[PDB]
J.: 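Pasting a structure below so you can have a look.
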Amino acid sequence: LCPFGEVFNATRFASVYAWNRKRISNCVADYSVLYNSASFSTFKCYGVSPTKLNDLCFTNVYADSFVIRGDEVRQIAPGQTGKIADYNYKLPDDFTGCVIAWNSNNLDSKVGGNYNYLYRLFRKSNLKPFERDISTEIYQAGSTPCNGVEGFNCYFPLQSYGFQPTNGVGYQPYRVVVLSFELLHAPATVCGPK
Amino acid sequence: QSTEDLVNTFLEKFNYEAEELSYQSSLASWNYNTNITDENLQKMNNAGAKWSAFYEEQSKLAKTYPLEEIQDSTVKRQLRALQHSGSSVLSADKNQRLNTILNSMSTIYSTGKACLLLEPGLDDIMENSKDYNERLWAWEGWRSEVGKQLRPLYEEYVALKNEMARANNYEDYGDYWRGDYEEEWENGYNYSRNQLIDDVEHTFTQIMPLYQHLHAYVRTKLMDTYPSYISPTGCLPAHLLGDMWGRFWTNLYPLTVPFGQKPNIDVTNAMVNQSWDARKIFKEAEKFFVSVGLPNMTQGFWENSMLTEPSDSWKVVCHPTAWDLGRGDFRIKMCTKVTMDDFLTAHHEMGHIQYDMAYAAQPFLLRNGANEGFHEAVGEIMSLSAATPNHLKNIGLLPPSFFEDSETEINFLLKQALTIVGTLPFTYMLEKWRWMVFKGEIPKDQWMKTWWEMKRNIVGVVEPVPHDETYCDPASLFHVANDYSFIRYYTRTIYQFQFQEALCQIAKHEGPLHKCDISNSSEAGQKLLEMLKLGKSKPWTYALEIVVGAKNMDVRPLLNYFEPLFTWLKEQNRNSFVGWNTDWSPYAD
Ligand SMILES: *[C@@H]1O[C@H](CO)[C@@H](O[C@@H]2O[C@H](CO)[C@@H](O)[C@H](O)[C@H]2NC(C)=O)[C@H](O)[C@H]1NC(C)=O
Ligand SMILES: *[C@@H]1O[C@H](CO)[C@@H](O[C@@H]2O[C@H](CO)[C@@H](O)[C@H](O)[C@H]2NC(C)=O)[C@H](O)[C@H]1NC(C)=O
Ligand SMILES: *[C@@H]1O[C@H](CO)[C@@H](O[C@@H]2O[C@H](CO)[C@@H](O)[C@H](O)[C@H]2NC(C)=O)[C@H](O)[C@H]1NC(C)=O
Ligand SMILES: *[C@@H]1O[C@H](CO)[C@@H](O[C@@H]2O[C@H](CO)[C@@H](O)[C@H](O)[C@H]2NC(C)=O)[C@H](O)[C@H]1NC(C)=O
Ligand SMILES: *[C@@H]1O[C@H](CO)[C@@H](O)[C@H](O)[C@H]1NC(C)=O
Ligand SMILES: [Zn+2]
């Protein structure tokens, strides 16, 4: 009844440092049309089981989508560290949700090199869970301040993914979706087949 | 905010910026090498220029951080790699003069004419002819018309390079070349530039008797082809050694064969009578590599690589090469046919590729071999192991009723000795002469005298025609006209047999070492990948000690490899003289 279709085959996905959030409510959740797609590399679910997802319901469900590398997919998990798990997107230790990813070489790759996907590699401190950063202020490494212009020990904080079709499997684009389940004092409204 | 966090951030940024440019340059180079047109040269040159400019600009900024303030090891090696600078510490005019000299020298060697150009014409005459005068005139003409015109350029070259080397806190340009073997580590794993000369000199005194016996069987077998031009007690003339210079003696097999009736093992017919194509060759190579515990080739290997000539009117060079473009891209380019030599070069290049995939996890600056001699020695042992009768009998190209005759073994060993043992004195003499010339020990007015005296004393080869100081004989070689180091081959030859004996011992093999096969031995291939993953992140003493158990070069395995040939060669010299007296010259009368 609700679009778990406009999150999965959308034309354009978002960068990892600016990850898009979509909330689904007042609907019937069909989780069998996803697990039997046979086109998903990873279908790991934490805190619940994929078989019992149809029985117990919740109030709200949150969906986040972005694009990362092939060998950075394993960092989307509780208690994992790395370049993208502390500066771009973090998950709490007590997680209840699913992580879904699949290969996207046929779409997000060009011969001249796609350059519209970015990620952040410099930051002063780690990110709290479910926190997003958009600022592009120049990063300061030394004690001598630089006034808004990059120079010695002053670096721009974002860099681009050079996706090309000839890259290896570990350097090819992957599309990742994360679902989280919300249960609070509001009435439970999202659940499906009877 | 210390002098380590800044270096770490700088290294992060450099590592993530260099990959893009390197990949683009490699892609452009491959595209040009696959088509060779007029529009691809522009792109290749643009990519190369941009990459070089970026590297120079970044290496300029990396010298602002001192080395002694960093306590970690990997970061110290990364800064040491990024802080090297050659020809960038000179005045602009001197650099321009040096570049002009180098370009002129390379061009003048490239298009030399003797009276037929070198590459198509003179090489065939040197390789195939059997006439004394026919070889003599070509040799003398090439040397006179090339060396005489190259003397002042090389006289200026040594002075300019000495100035460049001294500007970088070095003692000599030869001392600058020897720095590729220098190490700095804990107590038991250091290495200095001075010890390389002593290490090379000691290893050469343990090879002389075998070389003397090989010299005395060739001298004695060429009595017949040339009746009255070579003395039974003198040195061999330089223009009767199978090449223009004498670097390899491999073209003397038809003249010096122990038993000329029994042929060698050739499996071209038993391979064409089974409809084998190139894909079968590479599949067999992959099966051999996966039978020893190493992984399989990627899917992009089979789609992007070139393994045959294109017959659609596109021009290619396709000298066999192995490419590591980056970002998980591995390709092999070869114009494959259905002979046995291609079947062995397939294994060689697959070994080259297998070494590259191991250290892809290391940082950008540490993705190379331990030193300049490891990367070729790794690929040579695969070809050594993949040409034994056991492997051919298991594959199917050789019938199971085959019999291993000892005369064929002697033939094989003699051919291998002519290929391998005959080139060590040449390399040692050339490198020693270049080091002594650079160091200033040799006066500028006695170059050719020292050159030919050293030839007579060490390699036992004499000139057919006397030469004054107006010539330049070393410059006729390719690696001297274009500045390249030449000590790689000695070390590679030692290392390959070191590794082969170690792995054959691990495989529990019995009998002579030249009949060793490491197929279907997971332990042997599992130990070898321990050093392949290290790359350049640890000193090459670690890399040597992990596999063989020693921290220095040893020539004992090489002599153990040629033991049956040493035993048989010693017996046929009873009624002959071993050694040479350097008082005989073929113009005395
Ligand atoms: C996103 O779009 C693709 C097609 O672009 C959908 O693939 C369809 O899958 C269903 C089964 O789930 C098939 O019956 C259809 O034939 C497929 N193609 C089309 C064009 O519909 C995919 O299911 C969509 N994702 C969703 C709905 O979550
Ligand atoms: C590694 O370093 C040590 C010490 O710096 C070298 O050992 C010295 O070698 C010189 C050689 O002339 C001797 O005179 C010293 O007495 C040695 N000192 C000690 C404490 O042993 C060692 O040679 C170096 N390793 C290599 C391979 O050169
Ligand atoms: C490849 O060699 C085989 C081995 O002898 C040849 O096979 C013989 O071929 C003749 C004529 O076709 C037959 O009458 C024989 O019975 C074959 N002998 C055996 C044992 O195979 C063959 O001719 C060669 N090439 C091919 C396949 O034609
Ligand atoms: C590397 O990839 C090759 C691809 O062919 C694998 O070879 C296949 O292996 C399976 C069993 O794992 C066989 O059923 C196939 O017949 C093999 N293919 C061919 C063409 O022979 C090989 O196994 C892979 N290596 C590893 C270690 O998994
Ligand atoms: C480059 O080579 C491919 C085949 O190797 C060919 O199809 C293509 O036309 C070549 N490029 C040009 C510009 O002709
Ligand atoms: Zn090679």
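As a basis for the values below, the full set of heavy atoms in this structure was taken, side chains included, without hydrogen atoms, waters or symmetry mates. We name chains A, B, ... by the order of the sequence lines, and we start the count at 1 in each one.
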J.: Flag the pair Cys516(B) / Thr388(B) as yes when at least one side-chain heavy-atom distance between them is below 4.5 Å, and no otherwise.
T.: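 In short, these two side chains do not touch, never coming nearer than 4.5 Å.
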J.: State whether the number of non-hydrogen atoms from other residues, nucleotides or ligands found under 6.0 Å of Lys287(B) atom NZ is greater than 12.
T.: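 Result for NZ/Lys287(B): open.
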J.: Going by salt bridge (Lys or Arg N to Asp or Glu O under 4.0 Å), name the residues that satisfy it together with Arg556(B), two or more places apart in sequence or in a different chain.
T.: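 Salt bridge (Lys or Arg N to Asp or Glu O under 4.0 Å) list for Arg556(B), sorted by chain: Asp554(B).
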J.: From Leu344(B) CG over to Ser385(B) OG, what is the distance, rounded to the nearest 0.5 angstrom?
T.: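 One finds 11.0 Å between CG of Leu344(B) and OG of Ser385(B).
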J.: Do any N or O atoms from the side chain of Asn371(B) and from the backbone of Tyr181(B) form a donor-acceptor pair under 3.5 angstrom?
T.: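 Between the backbone of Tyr181(B) and the side chain of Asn371(B) there is no qualifying donor-acceptor contact (under 3.5 Å).
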J.: Dump the intermediate steps for side chain to side chain contact (heavy atoms under 4.5 Å, CB included) on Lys455(B) and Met429(B), then the final yes or no.
T.: CA-CA 7 Å; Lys455(B) 275 258 200 188; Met429(B) 192 272 308; 3.6 Å; yes
J.: Between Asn190(B) and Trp185(B), does a side chain to side chain donor-acceptor pair (under 3.5 Å) hold up when you go through it step by step?
T.: CA-CA 5 Å; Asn190(B) 52 320; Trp185(B) 193 257; over 6 Å; no
J.: Listed by chain and number, what are the salt bridge (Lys or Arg N to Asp or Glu O under 4.0 Å) partners of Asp483(B), not counting sequence neighbours?
T.: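 For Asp483(B), the residues satisfying salt bridge (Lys or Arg N to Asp or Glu O under 4.0 Å) (neighbours in sequence not counted) are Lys161(B).
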J.: Applying salt bridge (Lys or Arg N to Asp or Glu O under 4.0 Å), can you list everything that pairs with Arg331(B), at least two apart in sequence or on another chain?
T.: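 Applying salt bridge (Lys or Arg N to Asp or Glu O under 4.0 Å) to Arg331(B) gives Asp329(B).
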J.: Is the number of heavy atoms from other residues, nucleotides or ligands within 6.0 Å of CD (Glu201(B)) greater than 12?
T.: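 Counting neighbours around CD of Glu201(B), more than 12 heavy atoms of other residues, nucleotides or ligands fall under 6.0 Å, so yes.
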J.: Check whether any side-chain heavy atom of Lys551(B) sits under 4.5 Å from a side-chain heavy atom of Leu544(B), and report yes or no.
T.: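 Side-chain contact under 4.5 Å: no.
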J.: Does a side-chain N-to-carboxylate-O contact under 4.0 Å join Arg434(B) and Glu431(B)?
T.: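 Between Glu431(B) and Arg434(B) there is a salt bridge, with a charged N closer than 4.0 Å to a carboxylate O.
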J.: Can you check side chain to side chain contact (heavy atoms under 4.5 Å, CB included) on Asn520(B) and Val292(B), steps first, answer last?
T.: CA-CA 5 Å; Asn520(B) 286 320; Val292(B) 297; over 6 Å; no
J.: Test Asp131(B) against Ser129(B) for side chain to side chain donor-acceptor pair (under 3.5 Å), laying out the working first.
T.: CA-CA 6 Å; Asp131(B) 177 77; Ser129(B) 178; 5.6 Å; no
J.: Between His514(B) (side chain only) and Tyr561(B) (backbone N and O only), is there a donor and an acceptor less than 3.5 Å apart?
T.: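 Side chain of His514(B) to backbone of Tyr561(B): no pair is present.
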J.: With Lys393(B) as the cation and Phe402(B) as the aromatic partner, state whether NZ or CZ is under 6.0 Å from the six-membered ring centre and within 45° of the axis.
T.: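 No.
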J.: Where the side chain of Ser576(B) meets the backbone of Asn573(B), is there a donor-acceptor pair that is under 3.5 Å apart?
T.: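 Looks like no, no N/O pair under 3.5 Å.
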J.: Okay, side chain of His509(B), backbone of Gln505(B): is any donor-acceptor separation there less than 3.5 Å?
T.: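 Pair absent, no side-chain N/O of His509(B) close to backbone of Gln505(B).
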J.: Check step by step if side chain to side chain contact (heavy atoms under 4.5 Å, CB included) holds for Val480(B) and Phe486(B).
T.: CA-CA 9 Å; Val480(B) 185; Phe486(B) 207 52; over 6 Å; no
J.: More than 12 heavy atoms of other residues, nucleotides or ligands under 6.0 Å from NE2 of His202(B): is that the case?
T.: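 At most 12 heavy atoms, drawn from other residues, nucleotides or ligands, come within 6.0 Å of this atom.
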J.: Just by distance, do the side chain of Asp243(B) and the backbone of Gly246(B) share a donor-acceptor pair under 3.5 Å?
T.: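 It does not hold such a pair.
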J.: Anything under 30° is parallel, anything over 60° is perpendicular, the rest tilted; go ahead and classify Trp451(B) against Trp433(B).
T.: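 Ring orientation of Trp451(B) relative to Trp433(B): perpendicular.
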J.: Evaluate the side-chain proximity of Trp276(B) to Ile281(B): yes if any heavy-atom separation is below 4.5 Å, no if none is.
T.: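 When only atoms from C-beta onward are counted, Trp276(B) and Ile281(B) do touch, with a gap below 4.5 Å.
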J.: Counting only heavy atoms not in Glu407(B) (residues, nucleotides, ligands), do more than 12 fall under 6.0 Å from its CD?
T.: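 It does: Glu407(B) CD has more than 12 such atoms within range.
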J.: Below 4.5 Å, heavy atoms only, C-beta onward: do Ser476(B) and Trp142(B) meet side chain to side chain?
T.: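 When only atoms from C-beta onward are counted, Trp142(B) and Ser476(B) do touch, with a gap below 4.5 Å.
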J.: Under 3.5 Å, is there a donor on one side chain and an acceptor on the other for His375(B) and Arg492(B)?
T.: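 No, no side-chain donor-acceptor pair sits under 3.5 Å.
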J.: Verify, without hydrogens or angle tests, whether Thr408(B) (side chain) and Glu404(B) (backbone) share a donor-acceptor contact under 3.5 angstrom.
T.: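 Absent.
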J.: When the ring planes of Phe259(B) and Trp568(B) are compared, do they come out parallel, tilted or perpendicular, using 30° and 60° as the limits?
T.: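 Tilted.
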J.: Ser519(B) and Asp517(B): side-chain donor and acceptor closer than 3.5 Å?
T.: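 Their side chains do contain a donor-acceptor pair, which is all the 3.5 Å distance test asks for.
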J.: Only one of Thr225(B), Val218(B), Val257(B) clears side-chain contact (heavy atoms from CB on, under 4.5 Å) with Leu252(B); which?
T.: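 Result: among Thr225(B), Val218(B), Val257(B), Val218(B) is the only option passing the side-chain contact (heavy atoms from CB on, under 4.5 Å) with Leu252(B).
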J.: For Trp245(B) and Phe426(B), I'd like to know if the aromatic rings sit close, meaning centre-to-centre distance below 6.0 Å.
T.: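 No, ring centres 6.0 Å or more apart.
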J.: Strictly distance-based, threshold 3.5 Å: is any side-chain N or O of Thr220(B) a donor or acceptor partner for the main-chain N or O of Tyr217(B)?
T.: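 No, because the side chain of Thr220(B) does not come within donor-acceptor range (under 3.5 Å) of the backbone of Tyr217(B).
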J.: So, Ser192(B) versus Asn194(B): side-chain donor-acceptor pair below 3.5 Å or not?
T.: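 Their side chains do not contain a donor-acceptor pair, so the 3.5 Å distance test is not met.
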J.: Rounded to the nearest 0.5 Å, how far apart are CZ of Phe282(B) and OG of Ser305(B)?
T.: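 It comes to 7.0 Å.
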J.: Using 30° and 60° as the class boundaries, would you call the ring planes of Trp249(B) and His215(B) parallel, tilted or perpendicular?
T.: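 Geometry flag for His215(B) against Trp249(B): tilted rings.
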J.: Using atom types as modelled, flag every donor-acceptor pair under 3.5 Å from a side chain in residues 528-535 of chain B to any protein atom, sequence neighbours excluded.
T.:
none

J.: Just checking, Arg247(B) and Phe478(B): is the charged tip under 6.0 Å from the six-membered ring centre and within 45° of the axis?
T.: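 So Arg247(B) doesn't make the cation-pi contact.
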J.: Tell me which pairs pass salt bridge (charged side-chain N to carboxylate O under 4.0 Å, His left out) where either residue lies in residues 257-277 of chain B, with sequence neighbours left out.
T.: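 Non-adjacent pairs meeting salt bridge (charged side-chain N to carboxylate O under 4.0 Å, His left out): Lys262(B)-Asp405(B).
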J.: Take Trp323(B) and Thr321(B) through the test side chain to side chain donor-acceptor pair (under 3.5 Å) and record every step on the way to the result.
T.: CA-CA 7 Å; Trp323(B) 294 68; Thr321(B) 53; 2.9 Å; yes
J.: Going by heavy atoms in the side chains, are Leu136(B) and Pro464(B) under 4.5 Å from each other?
T.: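 Yes, their side chains come closer than 4.5 Å.
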J.: Can you tell me how far apart CD (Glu286(B)) and CE (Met297(B)) are? Round to the nearest 0.5 Å.
T.: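 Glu286(B) atom CD to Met297(B) atom CE measures 6.5 Å (nearest 0.5 Å).
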J.: Quick one: does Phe497(B)'s side chain get under 4.5 Å of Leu384(B)'s, heavy atoms only?
T.: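 SC-SC contact between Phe497(B) and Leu384(B) confirmed.
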J.: Please check this pair: side chain of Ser521(B) against backbone of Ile518(B), looking for a donor-acceptor N/O pair closer than 3.5 Å.
T.: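 Side chain of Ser521(B) to backbone of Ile518(B): no pair is present.
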J.: Please assess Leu424(B) against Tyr490(B) for the test side chain to side chain contact (heavy atoms under 4.5 Å, CB included), listing each intermediate value before the final yes or no.
T.: CA-CA 6 Å; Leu424(B) 295 168; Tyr490(B) 202 96; 3.7 Å; yes
J.: Counting distance only, does the side-chain N/O of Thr203(B) pair as donor-acceptor with the main-chain N or O of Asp199(B) below 3.5 Å?
T.: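 Yes; at least one donor-acceptor contact below 3.5 Å.
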J.: With a 4.5 Å limit on heavy-atom distance, are the side chains of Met271(B) and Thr268(B) in contact?
T.: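 Result no, sub-4.5 Å side-chain heavy-atom pair not found.
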J.: Determine whether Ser485(B) and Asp180(B) make a side-chain contact, defined as any pair of heavy atoms from C-beta on separated by less than 4.5 Å.
T.: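 No, side chains not in contact.
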J.: Taking NZ in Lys536(B) as the centre, count heavy atoms belonging to other residues, nucleotides or ligands within less than 6.0 Å. Is the count above 12?
T.: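 Count over threshold, so yes.
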J.: Partners of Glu463(B) by salt bridge (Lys or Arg N to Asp or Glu O under 4.0 Å), sequence neighbours excluded?
T.: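 Only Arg456(B) meet the salt bridge (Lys or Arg N to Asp or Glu O under 4.0 Å) criterion with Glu463(B).
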J.: Taking the six-membered ring where the residue is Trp, are the ring centres of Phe330(B) and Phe301(B) under 6.0 Å apart?
T.: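 No: the rings miss the under 6.0 Å criterion.
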J.: Between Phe499(B) and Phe374(B), how do the two ring planes meet: parallel, tilted or perpendicular, split at 30° and 60°?
T.: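 Because their plane-to-plane angle is over 60°, the rings of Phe499(B) and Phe374(B) count as perpendicular.
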J.: Main chain of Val578(B), side chain of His213(B): is a donor-acceptor contact present, judged purely on distance under 3.5 Å?
T.: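 A pair under 3.5 Å: no.
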